[PDB]
Amino acid sequence: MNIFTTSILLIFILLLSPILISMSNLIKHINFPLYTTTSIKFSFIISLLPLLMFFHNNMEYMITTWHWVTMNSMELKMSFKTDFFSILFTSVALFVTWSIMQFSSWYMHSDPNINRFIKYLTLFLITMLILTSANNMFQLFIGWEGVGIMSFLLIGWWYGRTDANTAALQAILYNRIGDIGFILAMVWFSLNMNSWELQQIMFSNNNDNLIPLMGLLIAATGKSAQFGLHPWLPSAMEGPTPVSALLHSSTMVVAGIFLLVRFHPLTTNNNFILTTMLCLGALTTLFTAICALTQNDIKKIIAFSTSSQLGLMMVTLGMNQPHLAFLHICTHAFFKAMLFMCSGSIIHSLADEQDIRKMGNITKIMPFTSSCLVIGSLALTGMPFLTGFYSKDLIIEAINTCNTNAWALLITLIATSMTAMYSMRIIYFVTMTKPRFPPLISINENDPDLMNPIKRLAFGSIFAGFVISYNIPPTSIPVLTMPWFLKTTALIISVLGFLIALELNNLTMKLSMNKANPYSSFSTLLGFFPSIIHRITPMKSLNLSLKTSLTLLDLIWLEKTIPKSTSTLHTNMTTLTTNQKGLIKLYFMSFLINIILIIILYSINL
Amino acid sequence: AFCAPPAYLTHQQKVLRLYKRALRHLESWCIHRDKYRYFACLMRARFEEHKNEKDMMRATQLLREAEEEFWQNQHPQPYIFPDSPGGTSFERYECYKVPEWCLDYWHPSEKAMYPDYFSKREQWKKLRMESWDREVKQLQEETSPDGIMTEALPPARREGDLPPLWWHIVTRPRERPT
Amino acid sequence: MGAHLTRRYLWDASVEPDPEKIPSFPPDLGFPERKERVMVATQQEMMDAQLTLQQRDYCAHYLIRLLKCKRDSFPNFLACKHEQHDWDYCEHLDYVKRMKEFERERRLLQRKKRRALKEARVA
Amino acid sequence: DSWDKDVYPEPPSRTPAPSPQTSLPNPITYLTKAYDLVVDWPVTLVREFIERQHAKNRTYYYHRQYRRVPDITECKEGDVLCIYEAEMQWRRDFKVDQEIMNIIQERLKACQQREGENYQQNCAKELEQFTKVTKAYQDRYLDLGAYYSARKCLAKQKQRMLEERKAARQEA
Amino acid sequence: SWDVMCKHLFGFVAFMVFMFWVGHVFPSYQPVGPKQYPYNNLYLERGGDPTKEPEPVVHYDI
Amino acid sequence: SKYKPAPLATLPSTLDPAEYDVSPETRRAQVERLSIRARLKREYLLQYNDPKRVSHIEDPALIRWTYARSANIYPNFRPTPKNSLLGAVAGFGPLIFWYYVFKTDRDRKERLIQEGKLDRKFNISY
Amino acid sequence: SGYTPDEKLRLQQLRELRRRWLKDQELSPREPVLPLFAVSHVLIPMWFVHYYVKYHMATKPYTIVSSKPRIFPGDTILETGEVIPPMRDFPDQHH
Ligand SMILES: CCCCCCCCCCCCCCCCCC(=O)OC[C@H](COP(=O)(O)OCCN)OC(=O)CCCCCCCCCCCCCCCCC
Ligand SMILES: CCCCCCCCCCCCCCCCCC(=O)OC[C@H](COP(=O)(O)OCCN)OC(=O)CCCCCCCCCCCCCCCCC
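Residue numbers (the deposited numbering), protein chains in the order written: chain L, 1 to 606; chain n, 2 to 179; chain o, 1 to 123; chain p, 3 to 174; chain l, 125 to 186; chain m, 4 to 129; chain i, 2 to 36, 69 to 128.
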């Protein structure tokens, strides 16, 4: 059905159209923000047409558009897969993007370079979708590196600020450590089984496939902020709030989760790596969640929640439940996008206050965002019959029913209670409290560009879990049979998580000094992984270059040995041979010596 | 940022600058307001007492144990304002603060528009060159006898003279270029 | 999480089953001519319905039905509800089996411990 | 001339027939009815008009056929003329024997997209061939450096023809 | 203090890693026996050799 | 707990005994150093704020830094111990380490290929 | 402390000049002297794509491959005409 193929190729052409308009002189004459917002809107509708096809018939398509090099045995070609993962994600991503660009127009209003900002956002979407629908992994690499570079360009939008520059260099470094893993997996699949195309890599099921998948797991940990190198996604919040929503919140981070689902036919074979990520996903879930409890920056708390939810997503991939992991990716995108832009509304409406400490009683001052915030908060806490509930409790009870690390099982559940706690922290401090913001009040959220997108995503946050769960193809053969406390565990832990936190928030109001526990600061400064591993490594990696590798072995030792020594050896030799009295007697005698030696040279060799 | 740094700090400015860090690091612990305003007038009490200690030695022994009490009772994420060093918007808008000596290489076409703008800019540049002599001379004639020298610069002290080394405190790129 | 673990990990595991080897004893033990499981679907039917290998359970047959009523009835994704209950039931009625088998292996292992001691007549 | 159904095979198609069981109207059928009119017909019209423009001055292009010259196996030693003609004849077949392997790389890829969830089984007509062809490509062209030459394949083989003669003799 | 930091961070890391080990030793698994797949554990469909039949693996009721 | 400065996480200004000093000698330096800075400050501030200037303010303190760091090194090199022992462990140490890392691997690989164990399956490239 | 009487005049005066600079920065009137479409970029791009997908890709071998369609028990195969046998009867009715 060409309608299907053409549609998958068409979304890319339509989104690329804003990019070249800015290359020509035409954008000055038309409005770039409005034009870009409309075309993503049309791209979402175009994406819907294949989505219905798949659902009606559940069929996939590998599209080989252009050949790039034969390179002898390994031919390289540009291929877009249209498997359930690719088209489901393509639709969810553009809806979020359509929401954010309209938010972007309101948020960055008064920025002198709005058009460039919108331009990079769509370039990000083009790389993100290429990363999504990539058959051969070389294209997956183009997407993997591609979102990394544009994140660097967009985290540090305001280049002047060194803090933004530091975060951008952070993000590239963590991504590049991840890139080493993908290169290793690529190289292993460029040798052994031989083609970077997924359709053939999957014929490596009954092989070792550990050297390679360990590489992809390493790539995922860097891209998805698992416990190892978890800090750049918190650091990424130095970016503009809309950038934080579409890339820090949904498309960029889920890329690591998406890669492993693409390669899970191979993942099911190796038991060792499955528990490895189950284990690290589990550690990141709580580690990030505990850090979020004391963080006093609204954007920071949401970002930690982005990492904690993906930690749960990592856990399901680790328990070899790929389809549900993808289901959470889609539902995760709707609500996290909402909460960020919700805080975008609060931060912009207030005098750019990004701290929960000075922000209060937004519920009465701004009901529209507060309503959106609590809708999102409950979805994050898996309120029954909301989008989180359809996918999240499936994952929870999956854990409660599988054979798993006891430590992983316990931490994931309390991680769920903490998600309720920090969710409670945000609404109590941000919304339900006496106002503490600066005295002059100038709040307006009436702008259509704020409401509309927030309104549209809110509709998605309310109904998406209903629609996606029923429509997707039956998969995974879930276990609905459980003792009732395990069946209802997700619901109860979420309930008491808020209950306990509400007790905490309530406690503070008293005139009695509590401050915080000794491990509280440990929590507030991010587990101290940032304070220690960011000051030692960059210090003992640069000291060795300047002091040891550059100046010691370079410069002096490699210049005194080869280039300089040969300089000296000769210099000294000329000094002895050319220091001559000039007297004839001396010189002549030397002629005598010569005659003698030559007489002998003949004599002995007679 | 405007005034110049004093060489050594007095006892007072060290005490009175703790009253700021302290009270401001007490409003991170006391997220609410009534709790804060309470727990803080209790802070002043601490500083209010031991105000009239005349025994310097003692005073510098209350100060040195105050700033250690504080270091161990500080909040890791203090509430630092949005636009101040260490903040969230610090130097955000600096990507738009071009340094104003760049409008001098504009093409005669660009400067063709925006006409009255450059008519006033050429006046100010006449002001700058018209006083560099009287300024530097002032800066020098008033070089106090060689000795302690601080970064403080003199005012005008005569009509028509422009308070010196002024071209970059005035003509500063605007804070929010937006 | 559960008590079963406590039995095995706390206390003694002698009589607690090892999940890795659930049918640890003779399959026929305890049953004269026990009937083996039966599959309604056809090795081909499944292969033509492209059921994921994992989903090829003894409930594969009620699944194919669901999938049928999900392709048919396309615009309406909320109407193949009876079919899902059925599949699920089939599976609940399978999970229970897998639970009955585990309990049976538990008890049988106990038989061994009882019998050993009984059979361990002093003299 | 799009493709030789036999060099790039393709299985016959079996499609379940439409069997709607809902009163609601399928949102796909309506759209297609449009695509077919506002997207296909317009294009279809142009395309034809292309091909008739082509068929007026229809031209042809052939496929050079290379006569087979003598192979290094038979080629004087030091005679740079003969060996040059014979290292090319091989470097040429180093490629013809490489696009063949490109096709098995491809024919398979399709047979695992066309048979998902069954690839483990239905698609084993080709993976048996991907080893019947890979075990051969490995046995004539693999150890060789980047300076692959017919003299070296002649030796890579003949180092092993000892083995298919020492091992055989050994079995005795 | 820096030491306090280095010790605490790594302590956490170690305790966690360890507890995860206590976990692998004592896992959590429901009272459910093994799942039963039809045919010979899908021998042929798991891509098994069509010609060589496998030792039948049978699963009985209850 | 007393804060404990490490080479990193150094002792803050407060909590630093030296800060709490009024010995007239100390104050003497603290007021002498501002002078050097004030002097240097009033040598940057009326040369950068000078109309009629096009030449490049030089910042010779940066030129003394680069010369000290790339062109005043070898003229101040004296080969001692702790410098040549450490100047050979750095150039030949890992360079010899990896050789026995790569030789052993390459030799393991070769043996296995020779004996017939390495699979080299579906590897048609190299 | 308190500003020094000679610094509350270098801030007195320089602030006065900054106020004039910012006034001068103000633009005079005229200062800037300068001297459905939806279908357009959805339909025009589309025709092209289709031209490309139905007359290059489709034509070339193995360029658009699709998972086999799903065939269930009792549903007819249009191309060949066969009717997939109905499956063995489900004996249980237990809900
Ligand atoms: C040659 C030796 C080295 C010499 C170096 C210096 C040479 C300078 C002077 C000569 C310049 C011209 C000669 C070199 C360029 C040759 C261009 C060319 O060969 O185009 C071929 C291309 C068709 O491609 P073809 O390979 O025939 O088809 C694939 C078949 N399987 O035809 C085309 O597609 C033309 C397309 C034009 C516009 C293409 C833009 C594509 C951009 C894609 C990349 C975008 C992202 C790039 C990221 C880069 C990051 C740094
Ligand atoms: C920075 C990221 C580091 C990532 C490291 C990932 C390591 C993965 C596991 C590699 C080591 C085990 C490989 C196991 C393969 C199968 C078993 C085997 O036989 O090894 C292959 C071969 C022989 O190794 P082995 O069995 O130990 O025999 C030694 C005999 N004397 O192996 C050999 O050829 C001998 C050497 C084996 C061990 C090599 C260790 C390499 C260490 C790399 C350090 C990287 C950092 C260097 C400094 C960077 C900063 C300056």
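Beta carbons are placed, not taken as given, at the ideal position from N, Cα and C, and that holds for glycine.
Answer with buried or exposed for residue i, where buried requires no fewer than 16 other C-beta atoms within 10 angstroms of its C-beta.
| i | result |
| --- | --- |
| l/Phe142 | exposed |
| m/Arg114 | exposed |
| o/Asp57 | buried |
| L/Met186 | buried |
| m/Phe105 | exposed |
| L/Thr36 | buried |
| o/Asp88 | buried |
| p/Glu173 | exposed |
Can you check whether the CB of residue j is closer than 8 Å to the CB of residue i?
| i | j | result |
| --- | --- | --- |
| L/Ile11 | L/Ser43 | yes |
| L/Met150 | L/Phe124 | yes |
| L/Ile126 | L/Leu15 | yes |
| o/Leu67 | i/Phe105 | yes |
| L/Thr288 | L/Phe304 | yes |
| L/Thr412 | L/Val315 | yes |
| L/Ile130 | L/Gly178 | no |
| i/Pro30 | n/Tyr115 | no |
| L/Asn403 | L/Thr489 | no |
| m/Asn126 | L/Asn72 | no |
Are any of the Cβ atoms in chain p nearer than 8 Å to that of residue i?
| i | result |
| --- | --- |
| l/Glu177 | no |
| o/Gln50 | yes |
Can you list, in chain order, the residues of its chain with a C-beta nearer than 7 Å to that of residue i? Leave out the 5 residues immediately preceding and following it.
| i | result |
| --- | --- |
| L/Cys372 | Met338, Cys342, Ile454, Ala458 |
| L/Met277 | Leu217, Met314, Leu317, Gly318 |
By Cβ distance, which residues of its chain are closer than 8 Å to residue i, with the 5 residues on each side in sequence left out?
| i | result |
| --- | --- |
| o/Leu29 | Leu108 |
| n/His76 | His26, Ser29, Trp30 |
| m/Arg42 | none |
Quick one: residues in its chain with C-beta nearer than 6 Å to the C-beta of residue i, no 5 flanking neighbours on either side, listed in chain order?
| i | result |
| --- | --- |
| L/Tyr428 | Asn505 |
| L/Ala333 | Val92, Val96, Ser250 |
| L/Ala415 | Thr285, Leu286, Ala289 |
Does the beta carbon of residue i sit closer than 8 Å to a beta carbon anywhere in chain o?
| i | result |
| --- | --- |
| i/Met90 | no |
| L/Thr481 | yes |
For the alpha helix (DSSP H) holding residue i, just list the boundary residues, first then last.
| i | result |
| --- | --- |
| L/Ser110 | First-last for L/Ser110: undefined, no H or E at that position. |
| o/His4 | 3 to 9 |
| L/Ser371 | 367 to 380 |
| L/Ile11 | 2 to 23 |
Mind checking if residue i is an interface residue toward chain L, Cβ cutoff 8 Å exclusive?
| i | result |
| --- | --- |
| o/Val40 | no |
| o/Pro19 | yes |
Taking Cβ positions only, does residue i come closer than 8 Å to chain l?
| i | result |
| --- | --- |
| L/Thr401 | yes |
| p/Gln131 | no |
Please check if any C-beta of chain n sits within less than 8 Å of the C-beta of residue i.
| i | result |
| --- | --- |
| L/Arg535 | no |
Residue i lies in the beta strand (DSSP E); which residues open and close that run?
| i | result |
| --- | --- |
| L/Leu76 | 76 to 81 |
| L/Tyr61 | 61 to 69 |
| L/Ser531 | Segment 529 to 533 is the alpha helix (DSSP H) holding L/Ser531; no beta strand (DSSP E) there. |
| i/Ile97 | 97 to 99 |
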